[PDB]
Amino acid sequence: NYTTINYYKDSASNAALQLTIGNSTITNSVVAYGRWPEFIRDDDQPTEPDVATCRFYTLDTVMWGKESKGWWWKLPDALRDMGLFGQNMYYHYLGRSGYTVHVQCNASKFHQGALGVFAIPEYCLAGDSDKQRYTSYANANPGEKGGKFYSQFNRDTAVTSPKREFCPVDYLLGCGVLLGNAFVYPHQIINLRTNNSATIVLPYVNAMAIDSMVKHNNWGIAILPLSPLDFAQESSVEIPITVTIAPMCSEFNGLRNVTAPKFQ
Amino acid sequence: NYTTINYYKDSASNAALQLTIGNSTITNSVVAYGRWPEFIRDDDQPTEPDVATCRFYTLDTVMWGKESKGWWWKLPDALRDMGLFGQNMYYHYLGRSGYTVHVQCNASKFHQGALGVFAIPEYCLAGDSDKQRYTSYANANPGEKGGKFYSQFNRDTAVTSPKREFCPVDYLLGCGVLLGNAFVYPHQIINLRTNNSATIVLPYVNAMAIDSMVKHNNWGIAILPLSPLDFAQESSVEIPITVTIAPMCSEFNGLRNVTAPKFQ
Amino acid sequence: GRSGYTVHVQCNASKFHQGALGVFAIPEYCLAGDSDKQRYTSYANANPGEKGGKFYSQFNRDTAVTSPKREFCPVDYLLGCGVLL
Amino acid sequence: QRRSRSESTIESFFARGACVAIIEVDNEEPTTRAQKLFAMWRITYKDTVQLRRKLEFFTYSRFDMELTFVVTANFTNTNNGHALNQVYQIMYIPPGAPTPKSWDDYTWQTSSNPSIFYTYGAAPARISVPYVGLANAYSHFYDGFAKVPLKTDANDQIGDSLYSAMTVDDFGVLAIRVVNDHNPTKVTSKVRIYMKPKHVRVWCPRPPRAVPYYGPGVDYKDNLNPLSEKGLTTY
Amino acid sequence: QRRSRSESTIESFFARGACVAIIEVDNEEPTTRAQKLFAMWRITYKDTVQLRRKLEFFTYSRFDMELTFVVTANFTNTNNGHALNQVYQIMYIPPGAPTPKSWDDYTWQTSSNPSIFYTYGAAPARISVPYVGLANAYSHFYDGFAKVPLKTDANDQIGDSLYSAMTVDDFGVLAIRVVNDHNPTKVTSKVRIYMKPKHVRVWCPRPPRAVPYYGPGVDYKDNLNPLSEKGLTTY
Amino acid sequence: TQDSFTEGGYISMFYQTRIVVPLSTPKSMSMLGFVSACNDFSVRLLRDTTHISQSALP
Ligand SMILES: Cc1cc(CCCOc2c(C)cc(-c3noc(C(F)(F)F)n3)cc2C)on1
Ligand SMILES: Cc1cc(CCCOc2c(C)cc(-c3noc(C(F)(F)F)n3)cc2C)on1
Ligand SMILES: N[C@@H](CCC(=O)N[C@@H](CS)C(=O)NCC(=O)O)C(=O)O
């Protein structure tokens with residue numbers, strides 16, 4: 001074989017069913033990257049509410065019709081005002097947690113339509129102005145209500161009082177990539193002719209073992225209608241969509257006074 | 001592992017309580033660098049007065065008030081006129097010795113103040129003129145009396161008859177460095193509410209095993225008030241400070257006629 | 001709910017001061033009212049919270065039927081419950 | 001035998017040098033008006049689009065770096081004389097270190113900052129850098145801010161920060177100068193920097209960019225119609 | 001794993017080249033008036049401030065040295081012709097050895113003194129030096145004199161000496177010349193010397209300099225207010 | 001260097017009780033502060049400092 005000896009001392013120089021959680025119960029699931037949520041490994045005492053925070057919280061129901069273009073949420077932003085989980089978030093400097101997301105949508109055998117649910121790590125969205133990275137904290141953290149997609153890019157032509165809001169586009173996924181490839185991310189498809197619910201399990205993903213839960217969002221959830229809703233020969237159709245999220249294996253550290261962000 | 005062979009023959013080319021001493025007795029201590037004074041190792045017969053020179057000598061008492069800015073002494077300069085130690089100094093060409101320094105200052109429970117005592121190797125002070133390194137031997141070796149610090153730099157604007165004297169500054173330690181870092185040197189703190197005395201043990205420190213004691217000073221002692229003196233609601237307060245120094249493990253060599261420096 | 005407690009009382013003075021404080025922990029500490037009506041104290045007045053309450057050297061009856069205060073009237077030497085201190 | 005996937009590995013996928021910086025430096029007589037006697041470049045991989053697009057296939061990465069420098073010089077006028085061979089100095093300034101204000105200030109002593117002296121006409125310069133990430137991996141995408149506005153803040157500018165940015169200064173800068181004095185004739189030079197990742201690990205694959213980049217972020221402005229026309233039943 | 005202190009060692013702290021000398025040498029027709037045909041530089045590390053400040057963290061030191069030389073040349077006029085590649089001679093003159101009085105005197109025979117001949121356009125010159133201290137370690141600070149005045153001295157100048165100085169001549173000097181004869185056109189050149197300590201040992205740590213240096217000693221003249229303003233109860 | 005993404009926190013001091021002195025005693029006093037590192041401290045990526053400068057060569 002060919003001979004090789006490394007000269008320098010540095011390595012760089014070298015040549016190259018029912019699910020019950022806590023006091024909540026909901027009656028196949030998808031695990032992101034095949035990794036179940038877990039606590040920090042062996043390699044300041046953390047606080048861990050075993051059941052006061054690891055349970056299912058239900059968000060506000062939304063309506064799906066013939067003109068809906070999609071919805072998106074950010075985690076852990078969406079759960080900032082849910083029981084003691086939010087209190088622990090705002091009373092500590094460092095936090096960590098995984099999630100279990102459950103999407104519910106029921107219809108009849110005479111309806112038709114398909115929804116795509118995508119879980120995206122580090123889901124960064126585009127703005128609505130010539131200025132770059134000018135979106136504000138308040139607009140980037142809607143909370144429980146979340147946001148919506150659009151079919152076109154509407155530039156905010158107002159220099160007097162810029163809105164500083166996102167302008168996602170459905171077929172660009174709001175980030176400049178084609179929607180067809182979004183299936184690279186963890187995903188589920190709800191087809192009304194086969195099923196009525198979707199489930200995803202998300203572990204903690206980040207470049208650090210633990211990070212602030214207030215200034216950084218680890219996950220994004222996007223729901224988009226792949227096929228339009230229809231029902232018999234009716235002009236208008238509307239059905240509800242519900243989202244339920246459960247924290248799992250949550251840890252907090254850095255206890256001090258409480259944080260009170262200015263949301264408008 | 002990486003392979004390496006040295007080619008050149010030269011290494012440089014290679015890639016990279018009561019303490020009693022002699023007939024003196026004084027009724028925790030600090031050892032500089034954790035090294036006790038010792039005689040020269042195995043690696044002209046030296047002369048060594050075991051007890052005629054290794055004993056405590058007391059200097060002149062000074063007064064501490066509300067405007068005092070500090071005091072400094074040089075060793076072995078301060079002991080040049082102390083018994084047979086000075087005679088041995090001036091009758092020999094080479095000398096060596098360590099020291100034990102004891103600072104005494106007593107007050108009442110209703111006084112307050114703090115003193116910092118610092119032992120500095122190769123304590124070089126700044127001048128008082130535009131000319132550089134122009135200080136004279138007589139002014140640089142005050143002797144028992146020692147010198148004092150100042151709160152500002154007073155330039156000697158007199159070319160007719162320059163004084164050629166030091167101009168130390170308290171917050172610059174007289175050498176261009178911040179006083180707060182002087183604790184890098186061996187040090188003691190005398191706080192009137194806890195103690196009334198300080199003790200330091202200094203070994204012999206120099207680039208040579210033995211050196212002349214007349215043209216080179218090995219140690220400097222600096223005393224500075226870290227907190228101002230106060231007493232009840234009195235306008236003026238003065239208390240005495242005393243210094244006692246004991247040579248330890250002293251050796252001399254190079255006997256010839258006596259040296260008589262011209263001190264003014 | 002259930003819990004135990006650790007209570008720490010701090011009070012510092014000089015060598016030239018003098019005085020003595022007694023701290024007592026009482027289970028089921030029930031206090032007396034300030035009116036002829038019996039057990040008429042209100043929830044709000046019986047749960048002051050962090051501020052707490054104070055004792056008195058005498059019993060001051062609340063002679064107001066129009067708008068009764070419904071407050072405790074503890075007495076120092078009776079411990080506020082009818083027993084000697 | 002059977003076909004192998006040797007060349008589709010991450011290491012093979014990133015085993016090429018890519019340009020990230022073109023920097024202009026001039027040697028001439030100093031004057032009152034603005035000049036390019038020394039240049040300062042902020043380190044980043046987003047100036048170009050090829051290596052950026054290749055890297056953005058993944059969310060997290062961890063690698064060492066190999067940097068190569070190619071220098072090309074030329075004249076500007078033809079009635080001033082000639083020049084002797086020049087020497088170029090390249091200094092790395094990490095965050096917090098003092099920055100030059102002139103081509104001959106004390107900062108060029110480089111007592112602690114690493115520096116390269118390159119002689120024109122020799123082989124292109126080359127150095128290697130280890131992984132210097134504060135966290136356990138580099139983050140190509142960061143959904144968050146560096147400050148959080150608070151209700152008790154005096155004004156709204158205390159907590160304002162750019163979206164999807166970690167630090168104002170990251171990885172420092174590079175300062176390039178010509179050590180030689182000025183000849184009577186002006187001489188221009190360009191330094192091209194080529195970067196090669198080594199010992200690469202990646203996490204969280206991501207769909208590639210489909211529309212032209214617009215700034216350091218994910219914003220898009222123009223040319224949002226990439227796909228072309230074709231018949232449904234046309235081969 | 002756990003974090004290491006590999007890069008905070010003394011050897012790593014001093015493992016960089018630092019400039020200590022910039023020397024000008026000219027090649028032109030000799031004339032009656034003063035010229036720079038050959039230059040002599042006194043060896044020291046106090047000309048600059050970065051390496052000096054790094055070294056003054058300690059009272060005593062012991063190390064070997066690595067020296068590197070970078071040469072850059074240029075023209076001055078444009079109506080005299082051109083020149084061929086030049087050769088530079090660098091000679092080390094220890095104390096007591098004869099010193100040149102002209103660019104072509106016998107002293108350049110360098111029968112015993114070491115010398116380096118450098119050809120312009122080649123790689124920067126480099127050499128290594130061992131520890132050459134008379135004592136057991138180098139003394140960055142010396143509180144004393146070299147002479148002691150005596151009562152029997154005829155005058156006061158017999159025993160006068162500079163404070164905090166050991167020897168008038170220490171470590172010798174370096175003499176640099178251009179071996180080639182003079183072309184019809186003048187050519188200027190600068191030699192930059194970079195120094196790297198190796199095999200370093202230190203003793204008696206010392207607080208660093210806080211105010212600008214003023215001369216070889218510890219004297220201070222101006223800018224004695226380094227710290228800035230801040231609020232006592234301001235974060 | 002100063003950076004919000006790597007801020008460390010805040011240090012504050014308050015009176016738990018007040019300072020009490022008897023008569024014939026000073027009512028004002030001074031306090032000093034010191035800082036140091038522990039055995040679990042490390043640094044990385046040597047660079048030049050901004051605390052020393054130069055304008056002319058000797
Ligand atoms: C992700 C990612 C990684 C990077 C670049 C990290 C490396 O940054 C550098 C570079 C480009 C050069 C040097 C460098 N070291 O030395 C020199 C010099 F000697 F050439 F000046 N340059 C040091 C770092 C940390 O940027 N984004
Ligand atoms: C402390 C301290 C250490 C020093 C410098 C000591 C080394 O001095 C030299 C230098 C800088 C160069 C040479 C030298 N030897 O050879 C050459 C030449 F060949 F390049 F000429 N230069 C020799 C000594 C002793 O200065 N202060
Ligand atoms: N600009 C002045 C100062 C030049 C100079 O020598 N500067 C010193 C510091 S004051 C230096 O080290 N410059 C960087 C270098 O040229 O290596 C001049 O050209 O005369």
# chains A, B, ... in the order shown; residues from 1 in each chain; ligands from 1

call {"tool": "residues_around", "arguments": {"residues": "range 177-186 of chain E", "least_positions_apart": "5", "cutoff": "9 Å", "atoms": "only C-alpha atoms", "output": "ChimeraX atom specification"}}
result
/E:25-30,36-39,75-91,103-104,117

call {"tool": "write_last_selection", "arguments": {"atoms": "N, CA, C and O atoms", "output": "CSV table (one decimal), in the first residue's frame"}}
result
chain,number,residue,atom,x,y,z
E,25,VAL,N,18.2,50.3,4.2
E,25,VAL,CA,19.5,50.3,3.5
E,25,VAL,C,19.3,50.7,2.1
E,25,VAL,O,18.3,50.2,1.4
E,26,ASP,N,20.2,51.5,1.6
E,26,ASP,CA,20.1,52.1,0.2
E,26,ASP,C,21.3,51.7,-0.6
E,26,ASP,O,22.4,51.5,-0.1
E,27,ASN,N,21.1,51.5,-1.9
E,27,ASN,CA,22.1,51.2,-2.9
E,27,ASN,C,22.1,52.4,-3.9
E,27,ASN,O,21.1,52.6,-4.5
E,28,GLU,N,23.2,53.1,-4.0
E,28,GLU,CA,23.3,54.3,-4.9
E,28,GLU,C,24.8,54.6,-5.0
E,28,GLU,O,25.6,54.0,-4.4
E,29,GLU,N,25.1,55.6,-5.8
E,29,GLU,CA,26.5,56.1,-6.0
E,29,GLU,C,27.0,56.7,-4.7
E,29,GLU,O,26.3,57.6,-4.2
E,30,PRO,N,28.1,56.3,-4.2
E,30,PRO,CA,28.7,56.9,-3.0
E,30,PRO,C,29.0,58.4,-3.2
E,30,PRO,O,29.4,58.7,-4.3
E,36,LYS,N,23.1,55.9,3.5
E,36,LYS,CA,22.7,54.7,4.2
E,36,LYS,C,23.2,53.5,3.5
E,36,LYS,O,22.4,52.5,3.4
E,37,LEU,N,24.4,53.5,3.0
E,37,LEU,CA,24.9,52.4,2.3
E,37,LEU,C,25.0,51.1,3.1
E,37,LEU,O,24.9,50.0,2.7
E,38,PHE,N,25.3,51.3,4.4
E,38,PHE,CA,25.3,50.2,5.4
E,38,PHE,C,24.6,50.7,6.7
E,38,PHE,O,24.8,51.8,7.1
E,39,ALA,N,23.9,49.8,7.4
E,39,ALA,CA,23.2,50.1,8.6
E,39,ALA,C,23.7,49.2,9.7
E,39,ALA,O,24.0,48.1,9.5
E,75,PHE,N,12.1,51.1,-6.0
E,75,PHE,CA,12.8,52.2,-6.6
E,75,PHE,C,12.4,53.5,-6.0
E,75,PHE,O,11.5,53.6,-5.2
E,76,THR,N,13.1,54.6,-6.4
E,76,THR,CA,12.9,55.9,-6.0
E,76,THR,C,12.6,56.9,-7.1
E,76,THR,O,11.7,57.8,-7.0
E,77,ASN,N,13.3,56.8,-8.2
E,77,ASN,CA,13.1,57.6,-9.4
E,77,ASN,C,12.8,56.7,-10.6
E,77,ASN,O,12.8,55.5,-10.5
E,78,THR,N,12.4,57.4,-11.7
E,78,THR,CA,12.0,56.7,-12.9
E,78,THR,C,12.7,57.1,-14.2
E,78,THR,O,12.2,56.9,-15.3
E,79,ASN,N,13.8,57.9,-14.1
E,79,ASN,CA,14.5,58.4,-15.2
E,79,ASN,C,16.0,58.2,-15.1
E,79,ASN,O,16.8,59.1,-15.4
E,80,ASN,N,16.4,57.0,-14.6
E,80,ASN,CA,17.8,56.7,-14.4
E,80,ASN,C,18.2,55.3,-14.9
E,80,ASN,O,19.4,55.0,-15.1
E,81,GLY,N,17.2,54.4,-15.2
E,81,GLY,CA,17.5,53.1,-15.7
E,81,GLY,C,16.8,52.0,-14.8
E,81,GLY,O,15.8,52.2,-14.1
E,82,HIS,N,17.4,50.8,-14.8
E,82,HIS,CA,16.9,49.7,-14.0
E,82,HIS,C,18.1,49.0,-13.3
E,82,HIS,O,19.3,49.5,-13.4
E,83,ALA,N,17.8,48.0,-12.5
E,83,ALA,CA,18.8,47.3,-11.7
E,83,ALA,C,18.6,45.8,-11.8
E,83,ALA,O,17.6,45.3,-12.1
E,84,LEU,N,19.7,45.1,-11.5
E,84,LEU,CA,19.7,43.7,-11.4
E,84,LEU,C,19.5,43.2,-10.0
E,84,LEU,O,19.6,44.0,-9.0
E,85,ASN,N,19.2,41.9,-9.8
E,85,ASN,CA,18.9,41.4,-8.4
E,85,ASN,C,20.0,41.6,-7.5
E,85,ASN,O,21.2,41.4,-7.9
E,86,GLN,N,19.7,42.0,-6.3
E,86,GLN,CA,20.8,42.4,-5.3
E,86,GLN,C,20.9,41.3,-4.3
E,86,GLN,O,20.1,40.5,-4.0
E,87,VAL,N,22.1,41.3,-3.6
E,87,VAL,CA,22.5,40.4,-2.6
E,87,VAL,C,22.8,41.2,-1.3
E,87,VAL,O,23.5,42.2,-1.4
E,88,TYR,N,22.2,40.8,-0.2
E,88,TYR,CA,22.3,41.5,1.1
E,88,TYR,C,23.2,40.7,2.0
E,88,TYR,O,23.1,39.4,2.1
E,89,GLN,N,24.1,41.3,2.7
E,89,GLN,CA,24.9,40.7,3.7
E,89,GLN,C,24.6,41.2,5.1
E,89,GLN,O,24.5,42.4,5.3
E,90,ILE,N,24.3,40.3,6.0
E,90,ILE,CA,24.0,40.5,7.4
E,90,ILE,C,25.1,39.9,8.3
E,90,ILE,O,25.2,38.7,8.3
E,91,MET,N,25.8,40.7,9.1
E,91,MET,CA,26.9,40.2,9.9
E,91,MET,C,26.6,40.6,11.4
E,91,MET,O,26.1,41.7,11.7
E,103,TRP,N,31.1,50.7,3.7
E,103,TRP,CA,30.4,49.5,3.1
E,103,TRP,C,31.3,48.5,2.5
E,103,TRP,O,30.9,47.4,2.2
E,104,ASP,N,32.6,48.8,2.3
E,104,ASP,CA,33.5,47.9,1.7
E,104,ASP,C,34.9,47.9,2.4
E,104,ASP,O,35.9,47.7,1.7
E,117,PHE,N,24.2,35.6,3.8
E,117,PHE,CA,24.1,36.2,2.4
E,117,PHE,C,22.7,35.8,1.9
E,117,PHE,O,22.4,34.6,1.8

call {"tool": "residues_around", "arguments": {"residues": "range 43-45 of chain C", "least_positions_apart": "2", "cutoff": "6 Å", "atoms": "only C-alpha atoms", "output": "PyMOL selection string"}}
result
chain C and resi 47-48+71

call {"tool": "residues_around", "arguments": {"residues": "residue 162 in chain B", "least_positions_apart": "3", "cutoff": "12 Å", "atoms": "only C-alpha atoms", "output": "count of residues only"}}
result
15

call {"tool": "residues_near_ligand", "arguments": {"ligand": "ligand 1", "cutoff": "10 Å", "atoms": "only C-alpha atoms and all ligand atoms", "output": "ChimeraX atom specification"}}
result
/D:20,42-46,52,55,60-69,89-94,110,113-117,125-133,137-140,170-176,193-195,197 /F:45

call {"tool": "select_by_dssp", "arguments": {"residues": "range 9-75 of chain C", "states": "alpha helix (DSSP H)", "output": "list in words"}}
result
residues 43, 44, 45 and 46 of chain C

call {"tool": "write_last_selection", "arguments": {"atoms": "N, CA, C and O atoms", "output": "JSON list (two decimals), in the first residue's frame"}}
result
[["chain", "number", "residue", "atom", "x", "y", "z"],
["C", 43, "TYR", "N", -63.04, 35.58, 55.61],
["C", 43, "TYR", "CA", -61.88, 34.89, 55.05],
["C", 43, "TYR", "C", -60.76, 35.87, 54.74],
["C", 43, "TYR", "O", -59.58, 35.59, 55.01],
["C", 44, "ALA", "N", -61.09, 37.02, 54.16],
["C", 44, "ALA", "CA", -60.06, 37.98, 53.77],
["C", 44, "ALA", "C", -59.29, 38.49, 54.98],
["C", 44, "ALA", "O", -58.06, 38.60, 54.94],
["C", 45, "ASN", "N", -60.00, 38.81, 56.06],
["C", 45, "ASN", "CA", -59.34, 39.33, 57.25],
["C", 45, "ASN", "C", -58.57, 38.25, 58.01],
["C", 45, "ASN", "O", -57.61, 38.57, 58.71],
["C", 46, "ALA", "N", -58.97, 36.99, 57.88],
["C", 46, "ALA", "CA", -58.30, 35.89, 58.55],
["C", 46, "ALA", "C", -57.09, 35.37, 57.80],
["C", 46, "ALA", "O", -56.38, 34.51, 58.32]]

call {"tool": "residues_around", "arguments": {"residues": "residue 168 in chain E", "least_positions_apart": "6", "cutoff": "12 Å", "atoms": "only C-alpha atoms", "output": "number ranges by chain"}}
result
E: 42, 95-96, 145-146, 161-162

call {"tool": "write_last_selection", "arguments": {"atoms": "C-alpha atoms", "output": "mmCIF file, in the first residue's frame"}}
result
data_model
loop_
_atom_site.group_PDB
_atom_site.id
_atom_site.type_symbol
_atom_site.label_atom_id
_atom_site.label_comp_id
_atom_site.auth_asym_id
_atom_site.auth_seq_id
_atom_site.Cartn_x
_atom_site.Cartn_y
_atom_site.Cartn_z
ATOM 1 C CA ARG E 42 21.731 47.473 18.304
ATOM 2 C CA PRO E 95 31.053 43.317 21.840
ATOM 3 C CA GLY E 96 34.737 44.058 21.367
ATOM 4 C CA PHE E 145 23.856 50.308 39.229
ATOM 5 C CA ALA E 146 27.117 49.278 37.586
ATOM 6 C CA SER E 161 26.145 55.386 35.982
ATOM 7 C CA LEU E 162 22.636 54.928 34.631
#

call {"tool": "interface_residues", "arguments": {"of": "chain A", "to": "chain F", "cutoff": "12 Å", "atoms": "only C-alpha atoms", "output": "list in words"}}
result
residues 93, 211, 212, 215, 216, 254, 255, 256 and 257 of chain A

call {"tool": "atom_distance", "arguments": {"atom1": "CA of residue 65 in chain A", "atom2": "CA of residue 170 in chain A"}}
result
15.7 Å

call {"tool": "residues_around", "arguments": {"residues": "range 206-212 of chain E", "least_positions_apart": "3", "cutoff": "6 Å", "atoms": "only C-alpha atoms", "output": "JSON list (two decimals) with N, CA, C and O atoms, in the first residue's frame"}}
result
[["chain", "number", "residue", "atom", "x", "y", "z"],
["B", 176, "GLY", "N", 4.42, 52.13, 36.99],
["B", 176, "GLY", "CA", 3.59, 52.08, 35.80],
["B", 176, "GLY", "C", 2.61, 50.93, 35.74],
["B", 176, "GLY", "O", 2.13, 50.61, 34.65],
["B", 177, "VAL", "N", 2.29, 50.30, 36.87],
["B", 177, "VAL", "CA", 1.33, 49.21, 36.92],
["B", 177, "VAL", "C", 0.27, 49.55, 37.96],
["B", 177, "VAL", "O", 0.53, 50.26, 38.93],
["B", 181, "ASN", "N", -3.28, 45.00, 41.13],
["B", 181, "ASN", "CA", -2.60, 43.77, 40.76],
["B", 181, "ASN", "C", -1.34, 43.52, 41.58],
["B", 181, "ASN", "O", -0.71, 42.47, 41.42],
["E", 57, "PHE", "N", 5.72, 40.27, 31.82],
["E", 57, "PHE", "CA", 4.86, 39.60, 32.79],
["E", 57, "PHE", "C", 5.66, 38.87, 33.86],
["E", 57, "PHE", "O", 5.08, 38.49, 34.88],
["E", 58, "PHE", "N", 6.96, 38.66, 33.64],
["E", 58, "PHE", "CA", 7.80, 37.91, 34.56],
["E", 58, "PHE", "C", 9.09, 38.67, 34.80],
["E", 58, "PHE", "O", 9.51, 39.50, 33.98]]

call {"tool": "interface_residues", "arguments": {"of": "chain B", "to": "chain A", "cutoff": "9 Å", "atoms": "only C-alpha atoms", "output": "PyMOL selection string"}}
result
chain B and resi 1-4

call {"tool": "residues_around", "arguments": {"residues": "residue 71 in chain B", "least_positions_apart": "3", "cutoff": "9 Å", "atoms": "only C-alpha atoms", "output": "list in words"}}
result
residues 62, 68, 146, 147, 148, 149, 221, 222, 223 and 224 of chain B

call {"tool": "write_last_selection", "arguments": {"atoms": "N, CA, C and O atoms", "output": "PDB file, in the first residue's frame"}}
result
ATOM      1  N   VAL B  62       7.489  55.253  61.952  1.00  0.00           N
ATOM      2  CA  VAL B  62       6.834  56.250  61.116  1.00  0.00           C
ATOM      3  C   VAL B  62       5.432  56.491  61.664  1.00  0.00           C
ATOM      4  O   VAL B  62       4.926  55.735  62.489  1.00  0.00           O
ATOM      5  N   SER B  68      -1.453  60.313  54.804  1.00  0.00           N
ATOM      6  CA  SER B  68      -0.312  59.506  54.398  1.00  0.00           C
ATOM      7  C   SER B  68      -0.654  58.695  53.155  1.00  0.00           C
ATOM      8  O   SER B  68      -1.748  58.139  53.037  1.00  0.00           O
ATOM      9  N   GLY B 146      14.113  55.536  54.327  1.00  0.00           N
ATOM     10  CA  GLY B 146      13.241  55.151  53.241  1.00  0.00           C
ATOM     11  C   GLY B 146      12.655  56.348  52.517  1.00  0.00           C
ATOM     12  O   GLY B 146      13.110  57.489  52.643  1.00  0.00           O
ATOM     13  N   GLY B 147      11.613  56.067  51.737  1.00  0.00           N
ATOM     14  CA  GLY B 147      10.943  57.093  50.964  1.00  0.00           C
ATOM     15  C   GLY B 147       9.438  57.077  51.124  1.00  0.00           C
ATOM     16  O   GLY B 147       8.902  56.326  51.944  1.00  0.00           O
ATOM     17  N   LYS B 148       8.744  57.901  50.341  1.00  0.00           N
ATOM     18  CA  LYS B 148       7.299  58.031  50.434  1.00  0.00           C
ATOM     19  C   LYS B 148       6.697  58.097  49.039  1.00  0.00           C
ATOM     20  O   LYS B 148       7.364  58.459  48.066  1.00  0.00           O
ATOM     21  N   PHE B 149       5.420  57.740  48.956  1.00  0.00           N
ATOM     22  CA  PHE B 149       4.667  57.805  47.714  1.00  0.00           C
ATOM     23  C   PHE B 149       3.974  59.158  47.575  1.00  0.00           C
ATOM     24  O   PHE B 149       3.920  59.961  48.507  1.00  0.00           O
ATOM     25  N   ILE B 221      10.240  46.713  49.830  1.00  0.00           N
ATOM     26  CA  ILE B 221       9.105  46.612  50.739  1.00  0.00           C
ATOM     27  C   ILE B 221       8.256  47.858  50.561  1.00  0.00           C
ATOM     28  O   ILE B 221       8.771  48.977  50.648  1.00  0.00           O
ATOM     29  N   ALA B 222       6.963  47.669  50.307  1.00  0.00           N
ATOM     30  CA  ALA B 222       6.043  48.780  50.103  1.00  0.00           C
ATOM     31  C   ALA B 222       4.853  48.636  51.040  1.00  0.00           C
ATOM     32  O   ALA B 222       4.242  47.568  51.109  1.00  0.00           O
ATOM     33  N   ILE B 223       4.522  49.711  51.750  1.00  0.00           N
ATOM     34  CA  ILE B 223       3.379  49.743  52.655  1.00  0.00           C
ATOM     35  C   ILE B 223       2.454  50.855  52.187  1.00  0.00           C
ATOM     36  O   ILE B 223       2.882  52.009  52.057  1.00  0.00           O
ATOM     37  N   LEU B 224       1.190  50.513  51.934  1.00  0.00           N
ATOM     38  CA  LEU B 224       0.227  51.495  51.446  1.00  0.00           C
ATOM     39  C   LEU B 224      -1.102  51.378  52.180  1.00  0.00           C
ATOM     40  O   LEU B 224      -1.573  50.263  52.436  1.00  0.00           O
TER      41      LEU B 224
END

call {"tool": "residues_around", "arguments": {"residues": "range 28-40 of chain C", "least_positions_apart": "6", "cutoff": "6 Å", "atoms": "only C-alpha atoms", "output": "mmCIF file with N, CA, C and O atoms, in the first residue's frame"}}
result
data_model
loop_
_atom_site.group_PDB
_atom_site.id
_atom_site.type_symbol
_atom_site.label_atom_id
_atom_site.label_comp_id
_atom_site.auth_asym_id
_atom_site.auth_seq_id
_atom_site.Cartn_x
_atom_site.Cartn_y
_atom_site.Cartn_z
ATOM 1 N N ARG C 61 -64.061 46.422 71.295
ATOM 2 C CA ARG C 61 -65.254 45.910 70.637
ATOM 3 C C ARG C 61 -65.634 46.797 69.458
ATOM 4 O O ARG C 61 -65.571 48.027 69.537
ATOM 5 N N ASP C 62 -66.030 46.161 68.356
ATOM 6 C CA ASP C 62 -66.460 46.874 67.154
ATOM 7 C C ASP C 62 -67.951 47.154 67.283
ATOM 8 O O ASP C 62 -68.795 46.325 66.941
ATOM 9 N N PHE C 72 -60.148 40.174 63.530
ATOM 10 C CA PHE C 72 -59.653 39.639 64.789
ATOM 11 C C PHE C 72 -59.286 40.767 65.746
ATOM 12 O O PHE C 72 -58.959 41.883 65.333
ATOM 13 N N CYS C 73 -59.346 40.463 67.041
ATOM 14 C CA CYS C 73 -58.915 41.386 68.094
ATOM 15 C C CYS C 73 -58.073 40.626 69.107
ATOM 16 O O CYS C 73 -58.494 40.396 70.247
ATOM 17 N N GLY C 80 -54.411 36.041 72.371
ATOM 18 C CA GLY C 80 -55.415 36.126 71.334
ATOM 19 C C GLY C 80 -56.381 34.968 71.276
ATOM 20 O O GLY C 80 -57.173 34.892 70.329
ATOM 21 N N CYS C 81 -56.349 34.060 72.255
ATOM 22 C CA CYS C 81 -57.220 32.892 72.229
ATOM 23 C C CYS C 81 -57.800 32.547 73.596
ATOM 24 O O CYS C 81 -58.382 31.466 73.746
#

call {"tool": "residues_near_ligand", "arguments": {"ligand": "ligand 3", "cutoff": "8 Å", "atoms": "only C-alpha atoms and all ligand atoms", "output": "ChimeraX atom specification"}}
result
/D:102-109,179 /E:19-20,22,48,192 /F:54-57

call {"tool": "interface_residues", "arguments": {"of": "chain F", "to": "chain D", "cutoff": "7 Å", "atoms": "only C-alpha atoms", "output": "VMD selection string"}}
result
chain F and resid 1 3 to 5 46 to 50 53 to 55
